[PDB]
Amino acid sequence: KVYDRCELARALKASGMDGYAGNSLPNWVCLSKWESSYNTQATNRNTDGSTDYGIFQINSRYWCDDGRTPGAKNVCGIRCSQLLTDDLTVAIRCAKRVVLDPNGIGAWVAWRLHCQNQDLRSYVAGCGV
């Protein structure tokens, strides 16, 4: 599904992402925007054999199993295909596990590049959340 920015802002706020491990909502909307353009079916293969999956572009080397990644760990305990559904439940549960690591939200390249140190007001503007 391709989410509308406010539509996504409301689903994330409903699922407890606002303030999760100290990451305010706008951080989460900004990274989804730059990482997948809000598309849950986004896939991106990497030079190394892994693939990025979903709205948060979660990587198959460490978090999910796609059956074709060399030395994969599957920390979230899921098939990567579950990260591609219109229903964000599993993606959110795994994004939540990813930010508990020491690198926090800096695990996301697109957050580091387009959101870190920015004015993210605009990503939740007009959502009434």
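When you see a residue number, it is the position in the sequence shown, counting from 1.
If you average the C-alpha B-factors over 43 to 51 and over 91 to 99, the higher value belongs to 43 to 51. A summary of the deposited B-factors shows that, of 109 to 117 and 7 to 15, the stretch with the larger mean C-alpha value is 109 to 117. Annotation for residue 33: CA B-factor lies in the lowest third of the chain's modelled residues. Annotation for residue 58: CA B-factor lies in the middle third of the chain's modelled residues. The deposited CA B-factor of residue 81 belongs to the highest third of values across its chain.
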